[PDB]
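Chain by chain, the residues:
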Amino acid sequence: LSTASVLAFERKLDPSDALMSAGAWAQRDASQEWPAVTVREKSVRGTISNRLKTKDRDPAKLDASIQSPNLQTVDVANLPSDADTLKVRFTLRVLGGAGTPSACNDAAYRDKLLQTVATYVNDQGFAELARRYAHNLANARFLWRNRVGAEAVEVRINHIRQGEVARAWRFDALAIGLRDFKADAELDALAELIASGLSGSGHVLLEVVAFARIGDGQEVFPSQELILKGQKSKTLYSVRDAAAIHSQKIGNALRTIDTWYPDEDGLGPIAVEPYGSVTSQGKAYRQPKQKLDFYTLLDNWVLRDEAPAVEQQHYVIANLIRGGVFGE
Amino acid sequence: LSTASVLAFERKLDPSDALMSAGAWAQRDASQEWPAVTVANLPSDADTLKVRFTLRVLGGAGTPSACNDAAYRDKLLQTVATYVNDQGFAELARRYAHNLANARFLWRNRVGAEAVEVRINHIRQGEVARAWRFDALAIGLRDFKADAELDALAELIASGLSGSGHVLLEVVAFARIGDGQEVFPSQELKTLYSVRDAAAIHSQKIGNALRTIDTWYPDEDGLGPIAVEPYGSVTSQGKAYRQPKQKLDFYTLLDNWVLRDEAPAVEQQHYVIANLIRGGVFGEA
Amino acid sequence: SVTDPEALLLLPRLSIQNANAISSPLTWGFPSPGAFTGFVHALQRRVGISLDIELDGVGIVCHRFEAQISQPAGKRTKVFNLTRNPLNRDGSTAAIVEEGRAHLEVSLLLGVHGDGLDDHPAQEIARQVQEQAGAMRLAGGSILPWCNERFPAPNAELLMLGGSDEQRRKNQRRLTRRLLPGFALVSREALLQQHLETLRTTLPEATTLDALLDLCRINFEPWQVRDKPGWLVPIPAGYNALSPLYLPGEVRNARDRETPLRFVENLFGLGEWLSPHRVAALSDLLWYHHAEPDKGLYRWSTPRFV
Amino acid sequence: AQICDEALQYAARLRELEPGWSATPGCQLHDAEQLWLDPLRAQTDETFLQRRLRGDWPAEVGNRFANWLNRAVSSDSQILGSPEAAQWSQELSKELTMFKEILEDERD
RNA sequence: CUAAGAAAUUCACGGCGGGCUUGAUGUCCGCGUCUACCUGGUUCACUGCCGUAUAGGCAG
């Protein structure tokens, strides 16, 4: 009875890329032919700005670079001069079959893992995890820098059953916070749908459309591509000449439900990751010196039958929902 | 306790690209349809210019987008907290309102003009909430810090930088440069800069006239304002000012005031906070 | 640092055809340094007295090398290409007394000392040296003067005692731009001695121990190769007497009846080819020959190269 | 230091011996080398700069192969968090001392 | 005053006939690239301004 050397999990909750579109406010009940936010080209010059090399402030190296320019070329994405509301539209599919791995060497380990997740599910449903994923859908969180400094953010979630809308939701995303996970009627009604999708109790497809009113002609922020006259400095992601956010960036913005840490006094959720780490803070919160971490908790709860704290089981099942390459 | 290694701030006071349209005078308030510069032949019917950009005043000053040390994070936030308990942003905000007051975002389309009027509109919805009109040739551009009814535009930006409200400003600049001369937009890598077949100015060039604040520097105050820059330099005139040998400089005044809690009569801290409003990858190592 | 030059002189790019490539009974390849220290002394007794100057040191910079060799079928060694000599008066073929040849592209940093620097301009000296040195032969090989499509390379001159310390790294880093595609041959006598008490395992002589620095020798895996101190070569390093000195007439096959004679042997040492950027001062790169005629030592080296 | 010398040797070999340039095809990642592999040619080969009489800030070569030398090996792991990794940055602080001015003195 | 000083390798020639390389196969599974900028530096000679010789109406 040991941890298998191969463990792969397919992702549940897989979104698509988010196409950015631009239109006026109060024309958002007819937003089916709004133009795409394109990616343009501008030239950018600025002087030196960094910290200078310490111990090298002699006037030999000093008087060289500060008068010679730095001529870049970047990409920008802007709203048109008659458009003040960004439209961001993607599609979310909820799959179910959470604890079942893709590849697994051992069958005794697979037998123990399926029973551990199956006794998680009937003890307490996916309704808590889905209640926290529905909050990250209900406010915008996937509008990463398109959300700060906005007039209004409005989120629409449709349940696409066959080819049409089985149910429409409608959220004003700024009254819904960014720290608290308070409960609503129509938000528990969305948590029920995502919770039935995570437990295999029906096929779930969701179309999410977010309207953020930022201002006429302002800059929107699509995701930035890795650069391999002529677009030297910044590349922005577009799919068929329409600016877009990556699917994995939206997926990160959905899995920000982790509010349990060994050290906490109130800092907000981070994304569910093993060794729970923030790229914009350089720091891991689930370091294994504290014994609250996905591999430690998973291995105890499967092998040694050490059932964790009831709050940590949510973290472990959220790591099984996000997928990954475990084992070695 | 020491400086972190990775730290970046975000651009507060972000302008948009200012599209420039021409048009004939005495159609000023009915300027729904003035055409833009259609490229590269310019008429003589149109006798004035029209430069419009929107400006967002975001809020937050010393909160980094991506820090690296939490003790340095809280020390920098409490330094900005002791700055903001002392006073609002209104001393910086009135100096930003001074650059808003004239059309100094018209770089060379303003020198050589007979009457320039700037109209700033603070909008909550598509409805305009409060309007302003200023005369660019008749207001300042150097010093003496004195014009009435501009203090409300200062308090607005002080609230928006301190976070007391969403602030969106929709500005228009009418430059009587003359009866249809050939104006000069920005230029890319020689071709004039466009947006959609309409000529315009880059938002970093529109934005460069907004942090042209800094009348405080080591030399005497006879030449006026410079743009707030780390190692504050001028890129084409040639003079690269604020040498790090002497101490009046952004990285020195930031690292000695965060880490080494300096407070003599040094209340020209406005350069440091104006760099934090500029943002940028500050350092580090 | 005996007789520091007040002026360096750069014979820029001397092209030599059919130089001697044997160079000693044990070595082969680039010719002996004594050829160069005899070439600078043959310059000295043709233009050095007519200009009242002293050419005494020489820096050897090889840009291009090519030997007339051929590798046989099924051997890892080389053999030398030869010339067909004339016949005898009998009509038969003469003996094949084999000789090695090589083409050669060289630069010569000379070093000037005398009072003729202060009477003539620095451009008078360089022409009278260069156009003399196109009448002479370096290592048994013809110095070939310039003709090409490009431009003839000119003979410069420094005055390395003149100038400040900024000029003492403005001048000695200006000539090194004209010496850099090639390599400079310096004398490494301290390496071969400190490698001799390094061998504490055996108690050898310098003969078997100079043979143990020419090697790409392969050490057993405790495979690996023993470390490289640089591009080291064996050089002839002078002569040593095996006879007492004879009065200048008592051999009737000498080159002249006015100079004493000794029968000598060779005397082998170590040298290194190195890029001239490792050189601090280019006057340290010069070759001199000192003799101890009370002993039988007639040798040459680069002194003042630490 | 041998590699730093033989790079200059390669530069000096390509400095002479090449009486022509047709640099329009074939290059898509090799730029900013007009101070490094280009003769004067008695002709303004400038790139909308002052390249032809001034040749400073040569980190378009110096740092650009100082990183080539570091990416010659990546499996070395346990040097991090050690006082011996400072010793590896000593000689690269040395070849970032002796390499600048020998690349400005050819363009005058 | 140079392991100094010297040197003709040359003539002629048919490589060539023939050929079966096959058969079979799961690359997967996970992911935040970010912050800032004045090209106000010398970045091809686009049909309607009376004559190289120093000489002649530019509401561009």
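Residues numbered from 1 in each chain as written, not as in the entry; some residues may be left out. Chains lettered and ligands numbered in written order. Part of a larger assembly, values for the part shown. Heavy atoms only, no water.

1. Structural notes on helix α7 (residues 310-322) of chain A
Residue and element names in this part refer to chain A. Look at α7: 19 Å from first C-alpha to last across 13 residues, which is about the 18 Å you get at 1.5 Å a residue. Here α7 lies mainly inside the structure; 10 of its 13 residues are buried. Of the surrounding elements, those touching the buried residues of α7 are β1 (7-9), α2 (107-123), α3 (127-138), α4 (185-198), α6 (294-304) and β17 (324-326). (Helix = DSSP H or I, 4+ residues; strand = E, 2+ residues; numbered from the N terminus. Expected span 1.5 Å × (residues − 1). Buried < 20%, exposed > 50% of the residue type's maximum accessible area, 1.4 Å probe, protein only. Contact = heavy atoms within 4.5 Å.)

2. With respect to the packing of α6(A) against α7(A)
Residues and elements named next belong to chain A. Across the interface, α6 lies against α7 with an axial gap of 10 Å and an inter-helix angle of 100 degrees. Judged by the angle between their axes, α6 and α7 are roughly perpendicular. Here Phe 294, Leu 297, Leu 298 and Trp 301 of α6 come into contact with α7, specifically with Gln 312, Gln 313, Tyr 315, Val 316, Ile 317, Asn 319 and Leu 320. Residues of the contact of α6 with α7, tallied by class, amount to eight nonpolar, three polar and no charged. (Axes fitted to C-alpha atoms, helices over the stretch in contact; angles between N-to-C directions. Parallel < 35°, antiparallel > 145°, perpendicular 65-115°, else oblique. Nonpolar A, V, L, I, M, F, W, Y, C, P; charged D, E, K, R; others polar.)

3. A short note on unusual backbone geometry
Between B:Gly283 and the following residue, B:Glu284, the backbone shows a cis peptide bond with an omega angle of -10 degrees. In this structure, B:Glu284 sits in the segment after β12 (280-281). The backbone of A:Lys55 shows a phi angle near 70 degrees, a positive value even though the residue is not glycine. Tracing the backbone through its elements, the reader meets A:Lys55 in the loop between β4 (40-45) and α1 (59-65). Judged by its relative accessible area of 79%, A:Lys55 falls in the exposed class.

4. What about the pattern of salt bridges?
Residues and elements named next belong to chain A. In this structure the tally under the stated criterion is 34 salt bridges over all chains. Across the pair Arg 170 and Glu 154 runs a salt bridge, and its minimum N-O distance is 3.8 Å. Note that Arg 170 is positioned in the loop between β8 (165-168) and β9 (171-172) and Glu 154 in strand β7 (residues 153-160), a separation of 16 residues in sequence. Judged by its relative accessible area of 8%, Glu 154 falls in the buried class. Overlapping salt bridges bring together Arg 28, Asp 29, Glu 154, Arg 156 and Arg 170 as one network. (Salt bridge = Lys/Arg side-chain N within 4 Å of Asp/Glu carboxyl O.)

5. Points about the interface of chain A and chain B
The interface of chain A with chain B comprises 37 residues on the first partner and 44 residues on the second. Taken together, the two surfaces of chain A and chain B that pack against each other cover about 3400 Å², and 42% of this comes from carbon and sulfur. If you sort the residues of chain A by the area they bury against chain B, A:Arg51, A:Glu151 and A:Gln218 come out on top, with a joint share of 20%. Inspection of the chain A/chain B interface yields four salt bridges. Two residues, B:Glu10 and A:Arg145, come together in a salt bridge whose shortest N-O distance is 3.7 Å. Inspection of the chain A/chain B interface yields 18 residue pairs in polar contact. Ranked by residue count, the leading element in the side of chain A that touches chain B is β4(A), at six residues. (Buried area = accessible area lost by both parts, 1.4 Å probe. Polar contact = N/O pair within 3.5 Å; in protein donor to acceptor, adjacent residues only side chain to side chain.)

6. Digging into the environment of B:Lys190
Mapped onto the fold, B:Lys190 is located in the loop between β8 (167-176) and β9 (200-201). For B:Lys190, the side chain forms a polar contact with the side chain of B:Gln187, separated by 2.8 Å.

7. Topic: a negative patch on the surface
All names here are of chain C. A contiguous patch of negative charge, built from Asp 52, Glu 54, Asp 56, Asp 115, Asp 118 and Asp 119, is present on the exposed surface. Inspection of the secondary structure assignment puts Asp 115 in the loop between β5 (101-112) and α2 (122-130). When its relative accessible area of 62% is taken as the criterion, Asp 115 is described as exposed. (Patch = residues over 30% accessible without salt bridge, like charges linked within 9 Å, V, L, I, M, F, W, Y side chains within 5 Å. Areas by Shrake-Rupley, 256 points an atom, 1.4 Å probe, with all protein chains shown as cover. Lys, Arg positive; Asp, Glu negative; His and termini not counted. Charge placed at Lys NZ, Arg CZ, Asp CG, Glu CD.)

8. Re the domain arrangement of chain C
Residues and elements named next belong to chain C. By domain assignment, chain C separates into domain 1 (5-182) and domain 2 (183-302). Each side of the interface is counted separately: domain 1 has 28 residues, and domain 2 has 18 residues. In total, about 2200 Å² of surface goes out of reach between domain 1 and domain 2, with carbon and sulfur atoms giving 73% of it. Per-residue buried area on domain 1 facing domain 2 is highest for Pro 33, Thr 37 and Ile 60; these three make up 21% of the total on that side. For the pair domain 1 and domain 2, the interface holds zero salt bridges. Linking domain 1 with domain 2 are three residue pairs in polar contact, by the criterion used here. At the level of elements, α1 (33-44), β2 (55-67) and β5 are the ones that each hand at least two residues to the side of domain 1 that touches domain 2. In terms of residues, the side of domain 1 that touches domain 2 owes the most to one element, β2, which gives seven residues. Residue classes in the side of domain 1 that touches domain 2 are distributed as 15 nonpolar, 12 polar and one charged. (Domains from an automatic or database assignment.)

9. Thoughts on the sheet that holds β4(A)
With respect to topology, three strands assemble into an open sheet ordered β4-β5-β11 (chain A), the strand pairing being antiparallel. In this open sheet, the two strands that pair with only one neighbour each are β4 and β11 (219-220) of chain A. (Pairing = 2+ DSSP bridges.)

10. A word on the packing of aromatic side chains
Scanning the entire structure with this criterion turns up 29 aromatic pairs over all chains. On the numbers, 6.3 Å between centres and 75 degrees between planes, the contact of B:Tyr83 with B:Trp257 is edge-to-face. Owing to a relative accessible area of 2%, B:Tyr83 belongs among the buried residues under this scheme. Residue B:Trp257 is classed as buried on the basis of its relative accessible area of 9%. With 5.3 Å between their ring centres and 65 degrees between their planes, B:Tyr231 and B:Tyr251 make a pair best called edge-to-face. Separated by 20 residues along the polypeptide, B:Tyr231 in the loop between β11 (226-227) and α5 (250-258) and B:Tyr251 in helix α5 bring together distant segments of the chain. Relative accessible area serves as the criterion here: at 5%, B:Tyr251 is assigned to the buried category. Of the aromatic side chains, those joined through ring pairs into one cluster are B:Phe9, B:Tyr231, B:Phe250, B:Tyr251, B:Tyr271 and B:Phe282. Directly above the aromatic system of A:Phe181 lies the positively charged group of A:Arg132, at a separation of 4.6 Å from the ring centroid. (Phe/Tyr/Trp six-rings, centres within 6.5 Å; stacked < 30°, edge-to-face > 60°. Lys NZ or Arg CZ within 6 Å of the ring centre and 35° of its normal.)

11. Some words on the arrangement of the chains
For the three pairs of chains in contact, the maximum contact count is reached by chains A and B. In this view chain A stays clear of chain C, with the nearest C-alpha atoms of the two still 14 Å from each other. In this assembly chain B lies apart from chain C, the nearest approach of their C-alpha atoms being 25 Å.

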